[PDB]
Each structure stands twice: as structure tokens, then as C-alpha cells.
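See below for coords20.pdb, which holds PDB, C-alpha atoms and all ligand atoms.
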ATOM      1  CA  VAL A  17       4.970 -28.207  -9.903  1.00  0.00           C
ATOM      2  CA  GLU A  18       8.351 -27.765  -8.201  1.00  0.00           C
ATOM      3  CA  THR A  19       8.531 -27.898  -4.377  1.00  0.00           C
ATOM      4  CA  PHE A  20      11.254 -26.132  -2.480  1.00  0.00           C
ATOM      5  CA  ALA A  21      12.347 -25.879   1.163  1.00  0.00           C
ATOM      6  CA  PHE A  22      12.592 -22.376   2.675  1.00  0.00           C
ATOM      7  CA  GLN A  23      15.973 -21.580   4.144  1.00  0.00           C
ATOM      8  CA  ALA A  24      15.828 -22.506   7.836  1.00  0.00           C
ATOM      9  CA  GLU A  25      15.717 -18.858   9.060  1.00  0.00           C
ATOM     10  CA  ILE A  26      12.709 -18.027   6.859  1.00  0.00           C
ATOM     11  CA  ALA A  27      10.862 -21.117   8.109  1.00  0.00           C
ATOM     12  CA  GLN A  28      11.592 -19.936  11.675  1.00  0.00           C
ATOM     13  CA  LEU A  29      10.321 -16.432  10.882  1.00  0.00           C
ATOM     14  CA  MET A  30       7.106 -17.859   9.353  1.00  0.00           C
ATOM     15  CA  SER A  31       6.420 -20.019  12.372  1.00  0.00           C
ATOM     16  CA  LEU A  32       7.007 -17.049  14.697  1.00  0.00           C
ATOM     17  CA  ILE A  33       4.497 -14.975  12.712  1.00  0.00           C
ATOM     18  CA  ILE A  34       1.913 -17.808  12.816  1.00  0.00           C
ATOM     19  CA  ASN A  35       2.538 -18.753  16.476  1.00  0.00           C
ATOM     20  CA  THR A  36       3.122 -15.457  18.365  1.00  0.00           C
ATOM     21  CA  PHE A  37       0.103 -13.895  20.073  1.00  0.00           C
ATOM     22  CA  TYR A  38      -0.256 -10.493  18.433  1.00  0.00           C
ATOM     23  CA  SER A  39      -3.629  -8.832  18.014  1.00  0.00           C
ATOM     24  CA  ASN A  40      -2.689  -5.915  15.651  1.00  0.00           C
ATOM     25  CA  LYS A  41      -2.875  -8.136  12.494  1.00  0.00           C
ATOM     26  CA  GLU A  42      -4.107  -5.308  10.239  1.00  0.00           C
ATOM     27  CA  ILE A  43      -0.521  -4.135   9.531  1.00  0.00           C
ATOM     28  CA  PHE A  44      -0.223  -6.933   6.888  1.00  0.00           C
ATOM     29  CA  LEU A  45      -2.099  -4.741   4.378  1.00  0.00           C
ATOM     30  CA  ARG A  46       0.210  -1.728   4.562  1.00  0.00           C
ATOM     31  CA  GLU A  47       3.185  -4.075   4.112  1.00  0.00           C
ATOM     32  CA  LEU A  48       1.760  -5.579   0.946  1.00  0.00           C
ATOM     33  CA  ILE A  49       0.638  -2.226  -0.471  1.00  0.00           C
ATOM     34  CA  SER A  50       4.105  -0.813   0.282  1.00  0.00           C
ATOM     35  CA  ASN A  51       5.682  -3.767  -1.632  1.00  0.00           C
ATOM     36  CA  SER A  52       3.370  -3.009  -4.596  1.00  0.00           C
ATOM     37  CA  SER A  53       4.284   0.702  -4.415  1.00  0.00           C
ATOM     38  CA  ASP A  54       8.017  -0.140  -4.444  1.00  0.00           C
ATOM     39  CA  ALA A  55       7.427  -2.453  -7.439  1.00  0.00           C
ATOM     40  CA  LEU A  56       5.529   0.297  -9.324  1.00  0.00           C
ATOM     41  CA  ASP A  57       8.366   2.873  -8.522  1.00  0.00           C
ATOM     42  CA  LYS A  58      10.828   0.332  -9.927  1.00  0.00           C
ATOM     43  CA  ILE A  59       9.188  -0.203 -13.353  1.00  0.00           C
ATOM     44  CA  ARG A  60       8.359   3.587 -13.504  1.00  0.00           C
ATOM     45  CA  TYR A  61      12.064   4.343 -12.915  1.00  0.00           C
ATOM     46  CA  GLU A  62      13.324   1.752 -15.409  1.00  0.00           C
ATOM     47  CA  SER A  63      10.986   3.043 -18.157  1.00  0.00           C
ATOM     48  CA  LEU A  64      12.508   6.533 -18.054  1.00  0.00           C
ATOM     49  CA  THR A  65      15.522   5.052 -19.839  1.00  0.00           C
ATOM     50  CA  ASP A  66      13.741   2.302 -21.815  1.00  0.00           C
ATOM     51  CA  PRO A  67      10.121   3.163 -22.678  1.00  0.00           C
ATOM     52  CA  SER A  68       9.675  -0.331 -24.189  1.00  0.00           C
ATOM     53  CA  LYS A  69       9.489  -1.695 -20.585  1.00  0.00           C
ATOM     54  CA  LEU A  70       5.906  -0.389 -20.536  1.00  0.00           C
ATOM     55  CA  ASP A  71       4.752  -2.233 -23.728  1.00  0.00           C
ATOM     56  CA  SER A  72       3.425  -4.825 -21.268  1.00  0.00           C
ATOM     57  CA  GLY A  73       1.137  -2.085 -19.909  1.00  0.00           C
ATOM     58  CA  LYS A  74       1.302   1.667 -19.221  1.00  0.00           C
ATOM     59  CA  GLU A  75      -1.142   1.902 -16.281  1.00  0.00           C
ATOM     60  CA  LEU A  76       0.475   1.934 -12.828  1.00  0.00           C
ATOM     61  CA  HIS A  77      -2.013   1.108 -10.071  1.00  0.00           C
ATOM     62  CA  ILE A  78      -2.967  -1.119  -7.134  1.00  0.00           C
ATOM     63  CA  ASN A  79      -6.304  -3.012  -6.820  1.00  0.00           C
ATOM     64  CA  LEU A  80      -7.670  -4.570  -3.648  1.00  0.00           C
ATOM     65  CA  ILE A  81     -10.112  -7.339  -4.424  1.00  0.00           C
ATOM     66  CA  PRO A  82     -12.118  -9.142  -1.734  1.00  0.00           C
ATOM     67  CA  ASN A  83     -14.011 -12.286  -2.631  1.00  0.00           C
ATOM     68  CA  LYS A  84     -16.221 -13.729   0.094  1.00  0.00           C
ATOM     69  CA  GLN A  85     -17.061 -16.891  -1.842  1.00  0.00           C
ATOM     70  CA  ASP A  86     -13.386 -17.931  -2.113  1.00  0.00           C
ATOM     71  CA  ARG A  87     -12.497 -16.278   1.223  1.00  0.00           C
ATOM     72  CA  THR A  88      -9.626 -14.359  -0.490  1.00  0.00           C
ATOM     73  CA  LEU A  89      -8.301 -10.834  -0.451  1.00  0.00           C
ATOM     74  CA  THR A  90      -6.134 -10.149  -3.499  1.00  0.00           C
ATOM     75  CA  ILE A  91      -3.640  -7.249  -3.700  1.00  0.00           C
ATOM     76  CA  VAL A  92      -3.019  -6.579  -7.406  1.00  0.00           C
ATOM     77  CA  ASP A  93      -0.319  -4.300  -8.828  1.00  0.00           C
ATOM     78  CA  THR A  94       1.133  -3.553 -12.283  1.00  0.00           C
ATOM     79  CA  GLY A  95       4.610  -3.091 -10.919  1.00  0.00           C
ATOM     80  CA  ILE A  96       7.845  -4.674 -12.078  1.00  0.00           C
ATOM     81  CA  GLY A  97       6.795  -8.241 -11.238  1.00  0.00           C
ATOM     82  CA  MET A  98       9.183 -11.041 -10.123  1.00  0.00           C
ATOM     83  CA  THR A  99      11.315 -13.506 -12.114  1.00  0.00           C
ATOM     84  CA  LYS A 100      11.537 -17.245 -11.401  1.00  0.00           C
ATOM     85  CA  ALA A 101      14.996 -16.612  -9.965  1.00  0.00           C
ATOM     86  CA  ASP A 102      13.543 -14.012  -7.553  1.00  0.00           C
ATOM     87  CA  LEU A 103      10.868 -16.497  -6.484  1.00  0.00           C
ATOM     88  CA  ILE A 104      13.166 -19.459  -5.910  1.00  0.00           C
ATOM     89  CA  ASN A 105      16.558 -17.992  -4.913  1.00  0.00           C
ATOM     90  CA  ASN A 106      17.216 -14.312  -4.787  1.00  0.00           C
ATOM     91  CA  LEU A 107      14.479 -12.906  -2.533  1.00  0.00           C
ATOM     92  CA  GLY A 108      15.211 -15.680  -0.015  1.00  0.00           C
ATOM     93  CA  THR A 109      18.928 -14.866  -0.102  1.00  0.00           C
ATOM     94  CA  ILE A 110      18.380 -11.147   0.544  1.00  0.00           C
ATOM     95  CA  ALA A 111      15.725 -11.986   3.178  1.00  0.00           C
ATOM     96  CA  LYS A 112      18.062 -14.062   5.385  1.00  0.00           C
ATOM     97  CA  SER A 113      19.867 -11.124   6.949  1.00  0.00           C
ATOM     98  CA  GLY A 114      16.648  -9.125   7.370  1.00  0.00           C
ATOM     99  CA  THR A 115      15.126 -12.138   9.097  1.00  0.00           C
ATOM    100  CA  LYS A 116      18.057 -12.490  11.535  1.00  0.00           C
ATOM    101  CA  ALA A 117      17.945  -8.770  12.431  1.00  0.00           C
ATOM    102  CA  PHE A 118      14.112  -8.802  12.821  1.00  0.00           C
ATOM    103  CA  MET A 119      14.336 -11.792  15.213  1.00  0.00           C
ATOM    104  CA  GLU A 120      17.087 -10.045  17.220  1.00  0.00           C
ATOM    105  CA  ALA A 121      15.080  -6.812  17.338  1.00  0.00           C
ATOM    106  CA  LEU A 122      12.063  -8.771  18.600  1.00  0.00           C
ATOM    107  CA  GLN A 123      14.154  -8.724  21.837  1.00  0.00           C
ATOM    108  CA  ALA A 124      15.005  -5.251  22.780  1.00  0.00           C
ATOM    109  CA  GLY A 125      11.304  -5.510  22.558  1.00  0.00           C
ATOM    110  CA  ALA A 126      10.556  -4.466  18.950  1.00  0.00           C
ATOM    111  CA  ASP A 127       7.110  -5.676  17.942  1.00  0.00           C
ATOM    112  CA  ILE A 128       5.755  -7.429  14.851  1.00  0.00           C
ATOM    113  CA  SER A 129       4.429  -4.191  13.322  1.00  0.00           C
ATOM    114  CA  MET A 130       8.080  -3.210  12.695  1.00  0.00           C
ATOM    115  CA  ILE A 131       8.672  -6.096  10.303  1.00  0.00           C
ATOM    116  CA  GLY A 132       8.730  -3.797   7.236  1.00  0.00           C
ATOM    117  CA  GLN A 133      12.009  -2.189   8.353  1.00  0.00           C
ATOM    118  CA  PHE A 134      13.729  -5.540   7.922  1.00  0.00           C
ATOM    119  CA  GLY A 135      12.670  -6.161   4.332  1.00  0.00           C
ATOM    120  CA  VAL A 136      10.490  -9.166   5.195  1.00  0.00           C
ATOM    121  CA  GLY A 137       7.016  -7.479   5.484  1.00  0.00           C
ATOM    122  CA  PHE A 138       5.754  -9.927   2.865  1.00  0.00           C
ATOM    123  CA  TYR A 139       5.649 -12.616   5.592  1.00  0.00           C
ATOM    124  CA  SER A 140       3.170 -10.528   7.560  1.00  0.00           C
ATOM    125  CA  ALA A 141       0.639 -12.027   5.105  1.00  0.00           C
ATOM    126  CA  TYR A 142       0.737 -15.049   7.450  1.00  0.00           C
ATOM    127  CA  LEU A 143      -0.853 -13.061  10.298  1.00  0.00           C
ATOM    128  CA  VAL A 144      -4.123 -13.386   8.395  1.00  0.00           C
ATOM    129  CA  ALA A 145      -3.683 -15.968   5.662  1.00  0.00           C
ATOM    130  CA  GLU A 146      -3.501 -19.788   6.007  1.00  0.00           C
ATOM    131  CA  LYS A 147      -2.146 -19.968   2.406  1.00  0.00           C
ATOM    132  CA  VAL A 148      -0.730 -17.290   0.098  1.00  0.00           C
ATOM    133  CA  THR A 149      -0.592 -17.568  -3.677  1.00  0.00           C
ATOM    134  CA  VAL A 150       1.436 -15.112  -5.713  1.00  0.00           C
ATOM    135  CA  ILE A 151       0.810 -14.747  -9.416  1.00  0.00           C
ATOM    136  CA  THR A 152       3.543 -12.645 -11.044  1.00  0.00           C
ATOM    137  CA  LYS A 153       4.908 -11.653 -14.432  1.00  0.00           C
ATOM    138  CA  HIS A 154       8.210  -9.797 -15.054  1.00  0.00           C
ATOM    139  CA  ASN A 155       9.096  -8.454 -18.520  1.00  0.00           C
ATOM    140  CA  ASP A 156      12.114 -10.744 -18.793  1.00  0.00           C
ATOM    141  CA  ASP A 157      10.363 -13.983 -17.835  1.00  0.00           C
ATOM    142  CA  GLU A 158       7.242 -16.083 -17.933  1.00  0.00           C
ATOM    143  CA  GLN A 159       4.108 -15.867 -15.715  1.00  0.00           C
ATOM    144  CA  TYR A 160       4.566 -17.893 -12.450  1.00  0.00           C
ATOM    145  CA  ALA A 161       2.489 -19.019  -9.497  1.00  0.00           C
ATOM    146  CA  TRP A 162       4.263 -19.225  -6.186  1.00  0.00           C
ATOM    147  CA  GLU A 163       2.390 -20.708  -3.267  1.00  0.00           C
ATOM    148  CA  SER A 164       2.926 -21.590   0.379  1.00  0.00           C
ATOM    149  CA  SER A 165       0.957 -22.614   3.439  1.00  0.00           C
ATOM    150  CA  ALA A 166       4.183 -22.416   5.392  1.00  0.00           C
ATOM    151  CA  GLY A 167       5.229 -25.678   7.063  1.00  0.00           C
ATOM    152  CA  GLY A 168       8.714 -25.174   5.586  1.00  0.00           C
ATOM    153  CA  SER A 169       8.013 -25.435   1.900  1.00  0.00           C
ATOM    154  CA  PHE A 170       6.699 -23.505  -1.086  1.00  0.00           C
ATOM    155  CA  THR A 171       5.883 -24.376  -4.683  1.00  0.00           C
ATOM    156  CA  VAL A 172       6.493 -22.652  -8.002  1.00  0.00           C
ATOM    157  CA  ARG A 173       4.918 -23.528 -11.392  1.00  0.00           C
ATOM    158  CA  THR A 174       4.377 -21.772 -14.689  1.00  0.00           C
ATOM    159  CA  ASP A 175       0.963 -20.204 -14.483  1.00  0.00           C
ATOM    160  CA  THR A 176      -1.634 -21.040 -17.166  1.00  0.00           C
ATOM    161  CA  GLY A 177      -4.436 -18.849 -15.745  1.00  0.00           C
ATOM    162  CA  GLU A 178      -5.300 -15.517 -17.386  1.00  0.00           C
ATOM    163  CA  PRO A 179      -2.194 -13.633 -18.653  1.00  0.00           C
ATOM    164  CA  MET A 180      -1.674 -10.510 -16.567  1.00  0.00           C
ATOM    165  CA  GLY A 181       0.648  -8.444 -18.785  1.00  0.00           C
ATOM    166  CA  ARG A 182       3.130  -7.422 -16.081  1.00  0.00           C
ATOM    167  CA  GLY A 183       3.003  -7.243 -12.312  1.00  0.00           C
ATOM    168  CA  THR A 184       1.976  -9.242  -9.219  1.00  0.00           C
ATOM    169  CA  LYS A 185      -1.196 -10.556  -7.564  1.00  0.00           C
ATOM    170  CA  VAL A 186      -0.864 -11.628  -3.936  1.00  0.00           C
ATOM    171  CA  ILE A 187      -3.893 -13.783  -3.090  1.00  0.00           C
ATOM    172  CA  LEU A 188      -4.442 -14.149   0.651  1.00  0.00           C
ATOM    173  CA  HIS A 189      -6.414 -17.304   1.497  1.00  0.00           C
ATOM    174  CA  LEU A 190      -7.759 -15.964   4.788  1.00  0.00           C
ATOM    175  CA  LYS A 191      -7.947 -17.861   8.059  1.00  0.00           C
ATOM    176  CA  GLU A 192     -11.549 -18.699   9.071  1.00  0.00           C
ATOM    177  CA  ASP A 193     -11.465 -16.099  11.897  1.00  0.00           C
ATOM    178  CA  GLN A 194      -9.937 -13.328   9.733  1.00  0.00           C
ATOM    179  CA  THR A 195     -12.860 -12.642   7.338  1.00  0.00           C
ATOM    180  CA  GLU A 196     -13.180  -9.121   8.617  1.00  0.00           C
ATOM    181  CA  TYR A 197     -10.484  -8.250   5.989  1.00  0.00           C
ATOM    182  CA  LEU A 198     -13.111  -8.899   3.293  1.00  0.00           C
ATOM    183  CA  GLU A 199     -15.401  -6.122   4.571  1.00  0.00           C
ATOM    184  CA  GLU A 200     -15.398  -2.925   2.602  1.00  0.00           C
ATOM    185  CA  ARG A 201     -15.552  -0.695   5.658  1.00  0.00           C
ATOM    186  CA  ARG A 202     -12.613  -2.536   7.370  1.00  0.00           C
ATOM    187  CA  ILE A 203     -10.377  -2.287   4.293  1.00  0.00           C
ATOM    188  CA  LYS A 204     -11.157   1.453   3.802  1.00  0.00           C
ATOM    189  CA  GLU A 205     -10.353   2.135   7.492  1.00  0.00           C
ATOM    190  CA  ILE A 206      -6.932   0.401   7.241  1.00  0.00           C
ATOM    191  CA  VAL A 207      -5.927   2.030   3.932  1.00  0.00           C
ATOM    192  CA  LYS A 208      -6.905   5.444   5.335  1.00  0.00           C
ATOM    193  CA  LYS A 209      -4.880   4.791   8.567  1.00  0.00           C
ATOM    194  CA  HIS A 210      -1.678   3.222   7.094  1.00  0.00           C
ATOM    195  CA  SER A 211      -1.523   3.809   3.358  1.00  0.00           C
ATOM    196  CA  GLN A 212      -3.228   7.145   2.571  1.00  0.00           C
ATOM    197  CA  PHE A 213      -0.187   8.705   0.899  1.00  0.00           C
ATOM    198  CA  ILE A 214       0.714   5.992  -1.560  1.00  0.00           C
ATOM    199  CA  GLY A 215       1.459   7.617  -4.910  1.00  0.00           C
ATOM    200  CA  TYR A 216      -0.548   5.279  -7.097  1.00  0.00           C
ATOM    201  CA  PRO A 217      -4.320   4.904  -7.365  1.00  0.00           C
ATOM    202  CA  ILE A 218      -5.603   2.258  -4.986  1.00  0.00           C
ATOM    203  CA  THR A 219      -8.936   0.810  -6.040  1.00  0.00           C
ATOM    204  CA  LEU A 220     -11.009  -1.043  -3.479  1.00  0.00           C
ATOM    205  CA  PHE A 221     -13.317  -3.382  -5.385  1.00  0.00           C
ATOM    206  CA  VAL A 222     -16.666  -4.200  -3.812  1.00  0.00           C
ATOM    207  CA  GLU A 223     -18.624  -7.442  -3.865  1.00  0.00           C
TER     208      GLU A 223
HETATM  209  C1  LIG B   1      12.417  -6.261  -2.301  1.00  0.00           C
HETATM  210  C2  LIG B   1      11.272  -7.251  -2.058  1.00  0.00           C
HETATM  211  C3  LIG B   1      10.490  -7.323  -3.357  1.00  0.00           C
HETATM  212  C4  LIG B   1       9.847  -8.680  -3.635  1.00  0.00           C
HETATM  213  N1  LIG B   1       8.411  -8.427  -3.747  1.00  0.00           N
HETATM  214  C5  LIG B   1       7.429  -8.575  -2.834  1.00  0.00           C
HETATM  215  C6  LIG B   1       7.675  -9.234  -1.500  1.00  0.00           C
HETATM  216  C7  LIG B   1       8.209 -10.655  -1.501  1.00  0.00           C
HETATM  217  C8  LIG B   1       9.202 -10.977  -0.591  1.00  0.00           C
HETATM  218  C9  LIG B   1       9.753 -12.272  -0.487  1.00  0.00           C
HETATM  219  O1  LIG B   1      10.822 -12.594   0.322  1.00  0.00           O
HETATM  220  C10 LIG B   1      11.385 -11.551   1.154  1.00  0.00           C
HETATM  221  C11 LIG B   1       9.215 -13.302  -1.350  1.00  0.00           C
HETATM  222  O2  LIG B   1       9.682 -14.569  -1.314  1.00  0.00           O
HETATM  223  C12 LIG B   1       8.814 -15.566  -0.740  1.00  0.00           C
HETATM  224  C13 LIG B   1       8.159 -12.955  -2.288  1.00  0.00           C
HETATM  225  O3  LIG B   1       7.690 -14.038  -3.005  1.00  0.00           O
HETATM  226  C14 LIG B   1       6.456 -14.002  -3.666  1.00  0.00           C
HETATM  227  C15 LIG B   1       7.670 -11.637  -2.364  1.00  0.00           C
HETATM  228  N2  LIG B   1       6.205  -8.194  -3.216  1.00  0.00           N
HETATM  229  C16 LIG B   1       6.428  -7.756  -4.476  1.00  0.00           C
HETATM  230  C17 LIG B   1       5.598  -7.141  -5.501  1.00  0.00           C
HETATM  231  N3  LIG B   1       4.287  -6.927  -5.280  1.00  0.00           N
HETATM  232  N4  LIG B   1       6.152  -6.838  -6.692  1.00  0.00           N
HETATM  233  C18 LIG B   1       7.477  -7.015  -6.932  1.00  0.00           C
HETATM  234  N5  LIG B   1       8.324  -7.519  -6.006  1.00  0.00           N
HETATM  235  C19 LIG B   1       7.842  -7.887  -4.805  1.00  0.00           C
END
Show how you would write the structure in this file as C-alpha cells.
Ligand SMILES: CCCCn1c(Cc2cc(OC)c(OC)c(OC)c2)nc2c(N)ncnc21
Amino acid sequence: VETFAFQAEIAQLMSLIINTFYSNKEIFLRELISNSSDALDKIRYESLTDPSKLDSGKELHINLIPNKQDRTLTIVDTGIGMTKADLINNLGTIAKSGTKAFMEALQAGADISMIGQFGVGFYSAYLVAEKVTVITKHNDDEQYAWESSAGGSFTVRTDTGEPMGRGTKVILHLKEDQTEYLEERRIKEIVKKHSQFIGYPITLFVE
């Protein structure tokens, strides 16, 4: 287990997402599904010139998996996945400028639902989750677990759970008062409202 500090601006963004009063929390799901969709476009595009990129799995889909016992909602994709370098350095580096612009825009009166335009919609997970665990496997790298409860740090470790082939699982450990996002009817409503044109099958698992 390696522990890392977020760059100061990302820590500030995370605290703002956790601390600001903002009732329209449901927008987290569209942000995460959109990230999965982008990741599936990416591996789809790369495989046009190198079909061996799909040896790790041909099926391109998104699964939404609620689990009331664990209080988790998991967004699964078989997209491109993320390398260790992504997880520790590169996404954070790209995210710094997006963070600064988002924070600026939040005066001029943008609101939190606009986070996705700044490339940091991932952090919207913290509207609803007290901890987020990301299991991910990229073709060029090993399977990793990233995790953070915010507070300025995150961890990364090689994952020894079940091998996933290729892609990403974002496990949202939900806040005690956010268990509505485990209900089948609430998830269907949100997907229908915000994500009904995604070009990959989205399967809502039931309990
Ligand atoms: C361009 C942003 C892409 C990074 N990313 C994201 C969003 C993301 C964004 C992050 O920082 C902006 C980040 O660092 C903490 C991260 O770590 C797990 C994930 N989701 C996926 C996904 N499902 N599959 C592939 N790449 C993804």
C-alpha cells in the first residue's frame, strides 16, 4: 500500500464538493457513466488499428451494480482502463488546470452540475460517497486498486481480487443518507434523464 498526497488544488476541489450545500447530487452518475463511455470509445478507437488490444475482452459495455449489504454502487466498464502512472501522476497533472477553471467558474455563478466541462467530473463521486475505490486494468499494466476518502490523500496498491480482463470499476461507498442511489427505480430515473443516449449497453443489475 502506497499513500500519496493530492496536489493542493485537487484537495481544495474535493473539500468544496464535500462541504458545499448542493441538493442536486444525482449528477454524479452521468459523470461516471460519461467517463466509462469515453474509456470505451478510446479502446474501440485504438483497436481499429491494433485488433490485439481486444484480446483482453471484446465486449464493450457498462454495468451498474447496487449492493445494499455493502452500501455500494459500482459503475463497471470494459473500457481502456488506467495505468499506475495515470492513477498516481498523469490524471492529477491534467486535472489541475480543469480544477482551477471550475473553481473560477463557480463564481460567475456556475453550479456544481457543470463540473464535467472541466474534466474533473470524477470528483462528483464525493457528492454521494464517503469513500471511493477504483479497480482498474489497462492492457499495458497490472490490475490496481486506487482508493480515497478524501482528507488530502489517496492510496494505490496492486489488486489481488478477481482479475477483470480490462477496464475500470468505480465502487462508491455511499454516505449513510445517500442510500436512495441503491434503489432500482431511482437509478433507472437518473439514467433515463441524463444518460439515455450513451452508445454502449448499460445494464442495471438488481438485488
Ligand atoms: C480523461 C479522464 C479519464 C480518467 N478516467 C476516469 C476519471 C478519473 C479522473 C481522475 O482525475 C481527474 C482520477 O484521478 C483520481 C481517476 O482516478 C481513479 C479517474 N474514469 C475513467 C474510466 N472509467 N476509465 C478510464 N479512464 C478514466
Could you tell me, counting all atoms listed in the file, which protein and nucleic acid residues lie no more than 6 Å from ligand LIG 1 (chain B), written as a PyMOL selection string? chain A and resi 51-52+55+95-98+103+107-108+111+136+138+150+184
Using only C-alpha atoms: which of A:210, A:87, A:77, A:69 has the shortest distance to residue 146 (chain A): A:87
Which residue of A:160, A:185, A:46, A:140 approaches residue 208 (chain A) most closely, using all atoms listed in the file: A:46
Identify, on the basis of all atoms listed in the file, every residue whose closest approach to region 91-94 of chain A does not exceed 9 Å; exclude the query and any residue fewer than 6 positions from it along the same chain; express the result as a ChimeraX atom specification. /A:45,48-49,52-53,55-56,59,73-82,180-188
Non-local contacts of residue 35 (chain A) (10 Å; all atoms listed in the file; under 5 positions in same chain excluded) as a list in words: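 Once the adjacent positions are removed, what remains is residues 29, 30, 142 and 143 of chain A.
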Expected selection from the PyMOL selection byres (((chain A and resi 115) around 12) and not hetatm), given as number ranges by chain: A: 23-30, 32-33, 107-114, 116-122, 128, 130-139
Residue by residue, what does the PyMOL selection byres (((chain A and resi 100) around 10) and not hetatm) grab here? Present the result as a PDB file with C-alpha atoms, keeping the file's coordinate frame.
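Final output, saved to expr21.pdb:
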ATOM      1  CA  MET A  98       9.183 -11.041 -10.123  1.00  0.00           C
ATOM      2  CA  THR A  99      11.315 -13.506 -12.114  1.00  0.00           C
ATOM      3  CA  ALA A 101      14.996 -16.612  -9.965  1.00  0.00           C
ATOM      4  CA  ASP A 102      13.543 -14.012  -7.553  1.00  0.00           C
ATOM      5  CA  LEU A 103      10.868 -16.497  -6.484  1.00  0.00           C
ATOM      6  CA  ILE A 104      13.166 -19.459  -5.910  1.00  0.00           C
ATOM      7  CA  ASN A 105      16.558 -17.992  -4.913  1.00  0.00           C
ATOM      8  CA  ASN A 106      17.216 -14.312  -4.787  1.00  0.00           C
ATOM      9  CA  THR A 152       3.543 -12.645 -11.044  1.00  0.00           C
ATOM     10  CA  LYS A 153       4.908 -11.653 -14.432  1.00  0.00           C
ATOM     11  CA  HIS A 154       8.210  -9.797 -15.054  1.00  0.00           C
ATOM     12  CA  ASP A 156      12.114 -10.744 -18.793  1.00  0.00           C
ATOM     13  CA  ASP A 157      10.363 -13.983 -17.835  1.00  0.00           C
ATOM     14  CA  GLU A 158       7.242 -16.083 -17.933  1.00  0.00           C
ATOM     15  CA  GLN A 159       4.108 -15.867 -15.715  1.00  0.00           C
ATOM     16  CA  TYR A 160       4.566 -17.893 -12.450  1.00  0.00           C
ATOM     17  CA  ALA A 161       2.489 -19.019  -9.497  1.00  0.00           C
ATOM     18  CA  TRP A 162       4.263 -19.225  -6.186  1.00  0.00           C
ATOM     19  CA  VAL A 172       6.493 -22.652  -8.002  1.00  0.00           C
ATOM     20  CA  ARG A 173       4.918 -23.528 -11.392  1.00  0.00           C
ATOM     21  CA  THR A 174       4.377 -21.772 -14.689  1.00  0.00           C
TER      22      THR A 174
END
Take the PyMOL selection byres (((chain A and resi 199) around 12) and not hetatm), run it mentally on this structure, and tell me the resulting residues as a PyMOL selection string. chain A and resi 80-84+87-89+194-198+200-206+220-223
For each of A:64, A:70, A:85, A:144, take the minimum atom-to-atom distance to residue 34 (chain A), counting only C-alpha atoms, then give the residue where this is smallest. A:144
Point-to-point distance from CA of residue 41 (chain A) to CA of residue 141 (chain A), Å rounded to tenths: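 These two atoms are separated by 9.1 Å.
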Rounded to one decimal place, report the CA of residue 145 (chain A)-CA of residue 124 (chain A) distance in Å.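 Atom-to-atom, CA of residue 145 (chain A) to CA of residue 124 (chain A), that is 27.5 Å.
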May I ask for the distance between CA of residue 60 (chain A) and CA of residue 213 (chain A), given in Å to one decimal place?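 So the answer is 17.5 Å.
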Calculated over only C-alpha atoms, which of the candidates A:123, A:165, A:19, A:219 has the smallest distance to residue 191 (chain A)?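 Smallest separation from residue 191 (chain A) among the options: A:165.
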Nearest residue to residue 42 (chain A) from the set A:209, A:164, A:61, A:214 (distances using only C-alpha atoms):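 Residue with the minimum atom-to-atom distance to residue 42 (chain A): A:209.
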